[PDB]
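Report on the following structure.
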Amino acid sequence: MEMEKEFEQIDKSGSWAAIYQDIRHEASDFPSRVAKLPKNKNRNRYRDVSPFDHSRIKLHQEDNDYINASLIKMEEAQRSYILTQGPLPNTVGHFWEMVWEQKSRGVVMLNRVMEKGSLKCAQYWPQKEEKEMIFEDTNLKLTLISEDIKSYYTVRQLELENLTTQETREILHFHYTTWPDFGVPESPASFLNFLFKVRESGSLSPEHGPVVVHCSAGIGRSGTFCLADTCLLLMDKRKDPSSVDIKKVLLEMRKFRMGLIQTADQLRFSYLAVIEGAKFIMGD
Ligand SMILES: O=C1NC[C@H]2CCN(C(=O)OCc3ccccc3)CC[C@H]12
């Protein structure tokens, strides 16, 4: 059923809360035993948001391999994402170790360091060229190379150096800075242009490791980003784009990380985003 007609039917009936609860009821439940070990308590921002054991990213070290991050592998779309929590003061070194070990080109950040007057993640990248950051626990150096500040987002070029081998790589930081404190954006136009700019960079392409995506918990905004990306890609691949079922794609993605899409308003925004994105590719 053409998802726009499905959209108008749920709007006119006001049944977004009912649709969302049905997804919550059908979603996969897999064990998260490593996340709940006592040694990992200070590695988790939220007690109720944990990676499944089968899809968790493992750090390459014998001491403690744990990070709150999941590999979302979308087989038909041929896209992979790592979804992770905003880094904590004691996990910033782990975060950059993961970027290095997974060969990621891009980091997508969908939150502000401070929102609603509280800290939603650590200040994990350098703010000035001449003040680099050293992570002694993982033996990495991070330098700001350049910064481009636009009205709805900021792009930064970073250099990550493995101090063990003296290899260096360029990482692109894509920072969406205007997600409102309450609810979701009124129009999806600035969000869709942000995805297109991430795509344009090469960060989502198969010649690199998976893109690293985060918000505060790594399920809400983060879920919206990868759901919209994957749905639009399937519409360009499938003989009949009308066959793309956003609820079925969300359930597939929830096999790899719990809780993706946190509210019925986030669900409606994802639809809205996918509906408006299809008109620029297929319509005019
Ligand atoms: O701001 C803009 N004006 C022209 C547009 C050209 C590329 N854009 C696009 O394809 O539209 C939505 C979308 C984004 C990703 C995938 C499918 C559809 C992003 C917005 C751009």
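Laboratory data are not the source of any read-out in this text; all were calculated from the coordinates shown. For neighbour counting, all protein chains shown are included, and Cβ atoms are generated from backbone atoms with ideal geometry for every residue, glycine included.
Brief remarks follow.
- Here the average projected area of the convex hull drawn through the C-alpha atoms of the stretch 239-284 stands at 3.8 nm².
- CD proxy at 222 nm, helix term only [per DSSP H run n ≥ 4: -39500 (n - 2.57); per residue of the chain; nearest 500]: -9500 deg cm²/dmol
- Selected from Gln21, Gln102, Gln61 as most flexible by GNM, with the chain as the system and alpha-carbon contacts under 10 Å: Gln61
- Dipole of the stretch 1-283 computed with +1 at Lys/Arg Cβ and -1 at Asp/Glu Cβ about the Cα centre; of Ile19, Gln9, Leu140, farthest Cα towards the positive end is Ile19.
- Cross-linked pairs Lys5/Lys247; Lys73/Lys116; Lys73/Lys103; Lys103/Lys279; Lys58/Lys237: Cα-Cα separations exceed 25 Å for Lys73/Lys116; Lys103/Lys279; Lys58/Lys237.
- Compactness of the stretch 1-132, expressed as Rg and Dmax over alpha-carbon positions, Å: 18.5, 57
- Reference-scaled alpha-carbon Rg (2.2 N^0.38 Å with N residues) for the stretch 83-192: 1.12
- Separation between Cα centres of the stretch 158-193 and the stretch 124-152, rounded to whole Å: 12 Å
- Counted by neighbouring Cβ atoms within 10 Å, the residues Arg221, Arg79 run from fewest to most as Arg79, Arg221.
- Antiparallel DSSP beta bridges within the chain, as percent of all bridges there, nearest 5: 75 percent
- Debye log10 I(q)/I(0) for the stretch 110-262, one point scatterer per Cα, at q = 0.10, 0.14 Å⁻¹: -0.44, -0.84
- Where only C-alpha atoms are counted, convex hull volume of the chain per residue in Å³: 139 Å³
- This ranking places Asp48, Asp11 by how few other beta-carbon atoms lie within 10 Å of each, fewest first, which gives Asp48, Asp11.
- Cβ-based charge dipole, the stretch 1-283, positive-most Cα from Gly209, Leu119, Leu233: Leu119
- In a reduced charge model with +1 at each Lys and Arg Cβ and -1 at each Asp and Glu Cβ, the stretch 1-283 shows a dipole moment near 560 debye about its Cα centre.
- Relative contact order of the chain, defined on C-alpha pairs under 8 angstrom at six or more residues apart (%): 24 percent
- For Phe52, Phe182, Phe225, order by how many other beta-carbon atoms lie within 10 Å, fewest first: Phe182, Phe52, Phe225
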